[PDB]
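J.: This structure is in structure tokens; I'll ask about it shortly.
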Amino acid sequence: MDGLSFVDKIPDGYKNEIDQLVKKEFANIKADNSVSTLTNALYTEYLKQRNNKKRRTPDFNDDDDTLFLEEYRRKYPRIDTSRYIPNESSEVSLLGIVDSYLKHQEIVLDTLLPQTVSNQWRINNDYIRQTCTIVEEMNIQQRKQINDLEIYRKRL
Amino acid sequence: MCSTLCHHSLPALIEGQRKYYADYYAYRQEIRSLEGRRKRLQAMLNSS
Amino acid sequence: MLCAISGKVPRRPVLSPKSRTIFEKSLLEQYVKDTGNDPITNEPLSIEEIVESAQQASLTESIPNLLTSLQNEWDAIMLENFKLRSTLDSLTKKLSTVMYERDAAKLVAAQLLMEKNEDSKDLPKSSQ
Amino acid sequence: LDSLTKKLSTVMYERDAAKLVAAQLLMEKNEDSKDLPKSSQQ
Numbered sequence: 001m002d003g004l005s006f007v008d009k012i013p014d015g016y017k018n019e020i021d022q023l024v025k026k027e028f029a030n031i032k050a051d052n053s054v055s056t057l058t059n060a061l062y063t064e065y066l067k068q069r070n071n072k073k074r075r076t077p078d079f080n081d082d083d084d085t086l087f088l089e090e091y092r093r094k095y096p097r098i099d100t101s102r103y104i105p106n107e108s109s110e111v112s113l114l115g116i117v118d119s120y121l122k123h124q125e126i127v128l129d130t131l132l133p134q135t136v137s138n139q140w141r142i143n144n145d146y147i148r149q150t151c152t153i154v155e156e157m158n159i160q161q162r163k164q165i166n167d168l169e170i171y172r173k174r175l
Numbered sequence: 540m541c542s543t544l545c546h547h548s549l550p551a552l553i554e555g556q557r558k559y560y561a562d563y564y565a566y567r568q569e570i571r572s573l574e575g576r577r578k579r580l581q582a583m584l585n586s587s
Numbered sequence: 001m002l003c004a005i006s007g008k009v010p011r012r013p014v015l016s017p018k019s020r021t022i023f024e025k026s027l028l029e030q031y032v033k034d035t036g037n038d039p040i041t042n043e044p045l046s047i048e049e050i051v052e056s057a058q059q060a061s062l063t064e065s077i078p079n080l081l082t083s084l085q086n087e088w089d090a091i092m093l094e095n096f097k098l099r100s101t102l103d104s105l106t107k108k109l110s111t112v113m114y115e116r117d118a119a120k121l122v123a124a125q126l127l128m129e130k131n132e133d134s135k136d137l138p139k140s141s142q
Numbered sequence: 102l103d104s105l106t107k108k109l110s111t112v113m114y115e116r117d118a119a120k121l122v123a124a125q126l127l128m129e130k131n132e133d134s135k136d137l138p139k140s141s142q143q
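Chains as they are written, first to last, in full-length UniProt numbering: chain U, 1 to 9, 12 to 32, 50 to 175; chain S, 540 to 587; chain C, 1 to 52, 56 to 65, 77 to 142; chain V, 102 to 143.
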């Protein structure tokens with residue numbers, strides 16, 4: 001488990019080396052209704068279902084069919100012209116009121132970006148001290164190790 | 540990354556004691572060889 | 001400011017008293033009837049336990079609401095969840111490659127733990 | 102999706118962390134060989 005990240009100042015060759023040894027040990031081991056059916060089929064096939072491309076074109080001196088199609092264009096154009104009246108009445112006040120809401124929504128996210136930033140650096144900060152604590156202790160151990168190694172020889 | 544460094548802290552902190560304790564016992568054995576090798580040298584003066 | 005189920009910006013937000021989290025009324029009311037518990041914390045919660056303005060500027064070119083806008087909404091719902099199902103499938107596959115490579119490393123360490131200390135032990139024995 | 106990503110992230114981090122154990126271990130094992138070999142020779 002133990003591998004000191006901050007203390008071990012470990013080349014790319016060692017990653018490539020260790021990857022090969024890990025690789026060799028891997029060589030050894032080796050709820051909705053009908054809605055979901057049509058939605059998954061639409062996405063898989065990459066084709067959206069065609070809508071009513073009729074109101075836009077039409078034609079004068081048609082028949083009973085275009086008499087309907089004509090009368091459709093009138094009522095929707097009157098609804099359109101009424102739908103543009105209540106927008107222009109308020110105008111830009113309704114738009115800029117929503118623009119202000121979006122600024123309150125945005126700043127909230129970036130506050131959380133900082134809260135995460137601080138606690139993430141704070142955890143790493145605690146790790147750092149641990150790394151330097153033990154890395155010294157390991158240094159102490161190795162020095163003592165080398166002392167015996169030659170001490171035992173010089174006695175013999 | 541927060542949850543990473545959170546996890547990395549918990550698994551590392553336990554691995555260190557095990558790292559050290561191994562080397563600690565490794566050191567104890569090394570001391571014994573040191574502790575005996577002297578005595579044989581010390582007994583060279585007894586024969587003299 | 002958002003709902004904690006759909007990812008909406010709620011028109012009638014309602015907060016639960018067991019876990020402080022704001023949901024849109026329709027979506028929290030649906031969950032309680034499906035299974036009577038709080039979706040996040042899995043704690044007992046009922047419809048009576050719940051405790052109850057946003058402006059969108061309708062575009063200048065607002077026919078399109080029936081044809082173009084509604085079409086895009088069910089395209090965007092369709093191709094996202096399909097792509098999201100694709101993302102979930104790969105995470106489980108990449109999970110299996112993670113755990114296998116992890117366990118492969120465990121065996122290396124275990125194999126090397128026997129190797130190292132015995133090599134060190136042999137140096138201690140050599141002196142004798 | 103995100104709950105599996107936590108497992109993915111914790112693993113990949115811990116994998117390459119555990120990978121560095123080997124790199125260290127291998128070089129120490131190697132050091133033990135030449136040391137003993139050069140000593141046992143003489």
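Quick reminder that beta carbons are idealized off the backbone N, C-alpha and C, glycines included.
Measure the CB-CB distance between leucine 45 of chain C and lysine 97 of chain C and report whether it falls below 8 Å.
T.: To locate residue 45 of chain C, count along the third sequence from 1; it is residue 45. To locate residue 97 of chain C, count along the third sequence from 1; it is residue 83. Cβ atoms of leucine 45 of chain C and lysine 97 of chain C: not closer than 8 Å.
J.: So, with DSSP's three-state summary, where would you put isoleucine 22 of chain C?
T.: Taking the third sequence and counting its residues from 1, one reaches residue 22 of chain C at position 22. DSSP places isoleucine 22 of chain C in strand when its eight states are reduced to three.
J.: How long is the line joining the alpha carbons of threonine 82 of chain C and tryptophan 88 of chain C, rounded to whole angstroms?
T.: Within the third sequence, numbered from 1, the residue matching residue 82 of chain C stands at position 68. Within the third sequence, numbered from 1, the residue matching residue 88 of chain C stands at position 74. Rounded to whole angstroms, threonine 82 of chain C to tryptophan 88 of chain C spans 10 Å at the Cα level.
J.: Which two residues bound the contiguous beta strand (DSSP E) that contains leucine 15 of chain C?
T.: Along the third sequence, read from residue 1 onward, the residue named residue 15 of chain C stands at position 15. It spans 13 to 15 - the beta strand (DSSP E) in which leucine 15 of chain C sits, taken as one unbroken run.
J.: Figure out for me which residue from C:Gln85, C:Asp117, C:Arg11, C:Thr106 has the closest Cα to the Cα of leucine 66 of chain U.
T.: The residue you call residue 66 of chain U lines up with position 47 of the first sequence. The shortest C-alpha separation from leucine 66 of chain U is found at C:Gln85.
J.: Rounded to whole angstroms, what is the Cα-Cα separation between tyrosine 563 of chain S and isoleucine 570 of chain S?
T.: By one-based count along the second sequence, residue 563 of chain S stands at place 24. By one-based count along the second sequence, residue 570 of chain S stands at place 31. Going from the Cα of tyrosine 563 of chain S to the Cα of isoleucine 570 of chain S covers about 11 Å.
J.: Since I believe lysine 25 of chain C is in contact with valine 14 of chain C (beta carbons under 8 Å), could you give me their beta-carbon distance rounded to a whole number of angstroms?
T.: Along the third sequence, one-based indexing puts residue 14 of chain C at 14. Along the third sequence, one-based indexing puts residue 25 of chain C at 25. Confirmed, Cβ separation roughly 5 Å.
J.: What's the C-alpha gap between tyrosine 62 of chain U and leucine 105 of chain C?
T.: On the first sequence, residue 62 of chain U is found 43 positions in, with the first residue counted as 1. On the third sequence, residue 105 of chain C is found 91 positions in, with the first residue counted as 1. Spanning the two alpha carbons is a distance of roughly 20 Å.
J.: What residue range does the alpha helix (DSSP H) around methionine 113 of chain C cover?
T.: As a first step, residue 113 of chain C is located in the third sequence; it is residue number 99 there, counting from the start. Looking at the DSSP string, the run of the alpha helix (DSSP H) that includes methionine 113 of chain C is 82 to 140.
J.: Determine, for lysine 67 of chain U, whether the minimum Cβ-Cβ distance to residues of chain C falls below 8 Å.
T.: Along the first sequence, read from residue 1 onward, the residue named residue 67 of chain U stands at position 48. By this cut-off, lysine 67 of chain U is an interface position.
J.: Counting only C-beta atoms, is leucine 121 of chain V closer than 8 Å to chain C at any point?
T.: As a first step, residue 121 of chain V must be located in the fourth sequence, where it is residue number 20. No, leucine 121 of chain V lies away from the interface with chain C (no Cβ there is under 8 Å from its Cβ).
J.: Smallest Cα separation from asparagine 59 of chain U: which of C:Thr63, C:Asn37, C:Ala60, C:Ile91?
T.: Stepping through the first sequence from its first residue, residue 59 of chain U is reached at position 40. The shortest Cα separation from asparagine 59 of chain U among C:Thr63, C:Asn37, C:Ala60, C:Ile91 belongs to C:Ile91.
J.: Do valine 24 of chain U and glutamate 94 of chain C have their CB atoms nearer than 8 Å?
T.: For the purposes of this step, residue 24 of chain U is taken as residue 22 along the first sequence, with counting starting at 1. For the purposes of this step, residue 94 of chain C is taken as residue 80 along the third sequence, with counting starting at 1. No, these two residues do not count as a Cβ contact at 8 Å.
J.: Would you please state the rounded distance, in angstroms, between the beta carbons of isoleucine 40 of chain C and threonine 21 of chain C? I believe it to be under 8 Å.
T.: The count along the third sequence starts at 1 and reaches residue 40 of chain C at position 40. The count along the third sequence starts at 1 and reaches residue 21 of chain C at position 21. Right, the Cβ-Cβ distance comes to about 6 Å (below 8 Å), so this counts as a contact.
J.: Determine contact between the segment 155 to 169 of chain U and the segment 554 to 562 of chain S, defined as no fewer than three beta-carbon pairs at a distance below 8 Å.
T.: Taking 8 Å as the limit for Cβ pairs, the verdict is that the segment 554 to 562 of chain S does touch the segment 155 to 169 of chain U.
J.: For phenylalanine 87 of chain U and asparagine 80 of chain U, what's the separation of their Cα atoms in angstroms?
T.: Position 68 of the first sequence, counted from the start, is the residue given in the question as residue 87 of chain U. Position 61 of the first sequence, counted from the start, is the residue given in the question as residue 80 of chain U. C-alpha separation (whole angstroms): 12 Å.
J.: Using DSSP's beta-bridge definition, name the partner residues of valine 51 of chain C.
T.: Within the third sequence, numbered from 1, the residue matching residue 51 of chain C stands at position 51. DSSP lists C:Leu15 as partners of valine 51 of chain C.
J.: Going along chain U, which residues have a C-beta under 7 Å from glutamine 143 of chain V?
T.: Here residue 143 of chain V corresponds to residue number 42 of the fourth sequence, with the count starting at 1. Going along chain U, no residue has its Cβ under 7 Å from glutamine 143 of chain V, so there is no contact; the nearest lies around 11 Å.
J.: Anything in the segment 116 to 127 of chain U with a Cβ closer than 9 Å to a Cβ of chain C? List those residues in chain order, please.
T.: Listed by position along the chain: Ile116, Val117, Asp118, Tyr120, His123, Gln124, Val127.
J.: Could you check whether the Cβ of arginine 576 of chain S sits closer than 8 Å to any Cβ belonging to chain U?
T.: Translated into the one-based positions of the second sequence, residue 576 of chain S becomes position 37. Judged by the 8 Å Cβ criterion, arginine 576 of chain S is in contact with chain U.
J.: According to the neighbour-count rule (16 or more other Cβ atoms, all chains shown, within 10 Å of its Cβ), is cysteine 545 of chain S buried or exposed?
T.: Here residue 545 of chain S refers to the residue found at position 6 when the second sequence is read from its first residue. Classification of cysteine 545 of chain S: exposed, given that the 10 Å Cβ count is below 16.
J.: How long is the line joining the alpha carbons of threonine 35 of chain C and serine 16 of chain C, rounded to whole angstroms?
T.: On the third sequence, residue 35 of chain C is found 35 positions in, with the first residue counted as 1. On the third sequence, residue 16 of chain C is found 16 positions in, with the first residue counted as 1. Each residue's Cα considered, the two are about 15 Å apart.
J.: Below 8 Å between beta carbons: does that hold for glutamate 19 of chain U and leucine 121 of chain C?
T.: The residue given as residue 19 of chain U occupies position 17 in the first sequence. The residue given as residue 121 of chain C occupies position 107 in the third sequence. Their beta carbons are not under 8 Å apart, which means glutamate 19 of chain U does not touch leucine 121 of chain C by this criterion.
J.: Are the segment 125 to 134 of chain V and the segment 128 to 141 of chain C touching, with three or more C-beta to C-beta distances below 8 Å?
T.: Touching, per the Cβ criterion.
J.: Give me the DSSP bridge partner(s) of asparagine 37 of chain C.
T.: Residue numbering aside, residue 37 of chain C sits at position 37 when the third sequence is read from its first letter. BP columns for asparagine 37 of chain C point to C:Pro44.
J.: I need the DSSP call for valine 127 of chain U, collapsed to helix, strand or coil.
T.: Here the question's residue 127 of chain U lines up with position 108 in the first sequence. If DSSP states are grouped into helix, strand and coil, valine 127 of chain U belongs with the helices.
J.: Just mark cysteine 151 of chain U as buried or exposed, buried being the case when its beta carbon has 16 or more other beta carbons within 10 Å.
T.: If you number the first sequence from 1, residue 151 of chain U lands on position 132. Exposed, since its Cβ has fewer than 16 Cβ neighbours within 10 Å.
J.: Which ranges does the alpha helix (DSSP H) cover as unbroken runs of at least 4 residues, wholly within the segment 52 to 110 of chain U, from first to last along the chain?
T.: Here the runs fully enclosed are 53 to 64, 83 to 102, 104 to 109.
J.: How should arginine 576 of chain S be labelled, buried or exposed, when 16 other C-beta atoms within 10 angstroms of its C-beta is the threshold for buried?
T.: As a working note, residue 576 of chain S is residue 37 in the second sequence. The residue in question, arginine 576 of chain S, is buried, as its Cβ has 16 or more Cβ neighbours within 10 Å.
J.: Which whole-angstrom value is the C-beta distance of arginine 172 of chain U and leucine 580 of chain S, which I expect to be below 8 Å?
T.: Taking the first residue of the first sequence as position 1, residue 172 of chain U is located at position 153. Taking the first residue of the second sequence as position 1, residue 580 of chain S is located at position 41. At roughly 12 Å, the Cβ-Cβ gap does not stay under 8 Å, so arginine 172 of chain U and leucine 580 of chain S are not in contact.
J.: Could you please give the first and the last residue of the uninterrupted alpha helix (DSSP H) stretch that includes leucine 584 of chain S?
T.: Residue numbering aside, residue 584 of chain S sits at position 45 when the second sequence is read from its first letter. Run containing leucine 584 of chain S: 583 to 586, per the alpha helix (DSSP H) assignment.
J.: Applying the criterion that 16 or more other CB atoms from any shown protein chain within 10 Å of the CB defines a buried residue, is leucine 126 of chain V buried or exposed?
T.: As a working note, residue 126 of chain V is residue 25 in the fourth sequence. By the 10 Å Cβ count, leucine 126 of chain V comes out buried.
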